[PDB]
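Written below as structure tokens is the structure these notes are about.
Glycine gets a Cβ as well: all are built from the backbone with ideal geometry, and neighbour counts include every protein chain shown. Bear in mind these aren't lab numbers, they're just calculated from the coordinates by the rules spelled out.
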Amino acid sequence: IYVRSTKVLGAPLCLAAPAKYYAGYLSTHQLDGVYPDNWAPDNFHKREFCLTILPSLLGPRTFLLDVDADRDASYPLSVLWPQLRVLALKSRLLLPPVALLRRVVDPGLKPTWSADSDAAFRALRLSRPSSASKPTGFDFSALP
RNA sequence: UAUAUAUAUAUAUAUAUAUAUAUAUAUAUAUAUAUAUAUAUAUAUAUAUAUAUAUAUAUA
């Protein structure tokens, strides 16, 4: 899409032309902000599940994750939480986080077909065998 | 009364000078616009040099 303003929503915003025309018409930080979009695209892959912060029409193949905790007050879309939750509630579309670990998805606890007794379910077994020599030998700000 | 000469005044004509007005041209100054050149600053691109990082190859 071709636009005449920076304040746009829904798609990555990049310059149509080389920077020489926009220079003077725009300033440094403004000219800087579009750089990732100037070469924006990256692929998306067809696995079993895909999480997303982008809302969508709740339906037979779309679910709302319920964590049973207060939202991020600073996160701009937290205001949508009530409307989304009630719509999911009235159609039984909430998913407790534990459901994600099962081989097949179902909203519920203590299902018949699964005893939910596996090392994957036991959160107490926190393990960190892998490594990448990364600068975060530990990130002491992240706490499980 | 007359003639001739000289001086002064007045009128008319012609020439020149000066002042004022109007038109035209040229020169100079000032302002504004446009173009070109040069200098300085900033941004972007390209080339070269130096430094640092990463990857790959070879040696120890």
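Sorting the segments A:107-115, A:69-77 by their residues' average number of neighbouring beta-carbon atoms within 10 angstrom, most packed first, yields A:107-115, A:69-77. Looking at region A:1-66, the trypsin sites (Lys or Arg not before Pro) that sit in a DSSP loop and have at most 15 other Cβ atoms within 10 Å of their own Cβ are A:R4, A:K7, A:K46, A:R47, A:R61. The string of couplings for region A:106-122 from the Karplus curve (6.51, -1.76, 1.60, θ = phi - 60°) is 7, x, x, 10, 6, x, 5, 6, 9, 7, 6, 10, 7, 4, 4, 6, 6 Hz, one whole number per residue in order, with x for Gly and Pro. Dipole magnitude for chain A: about 300 debye, using +1 per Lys or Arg Cβ and -1 per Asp or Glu Cβ, origin at the Cα centre. Ordered by the count of other Cβ atoms within 10 Å of each Cβ, fewest first, A:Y25, A:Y2, A:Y35 give A:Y2, A:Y25, A:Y35.
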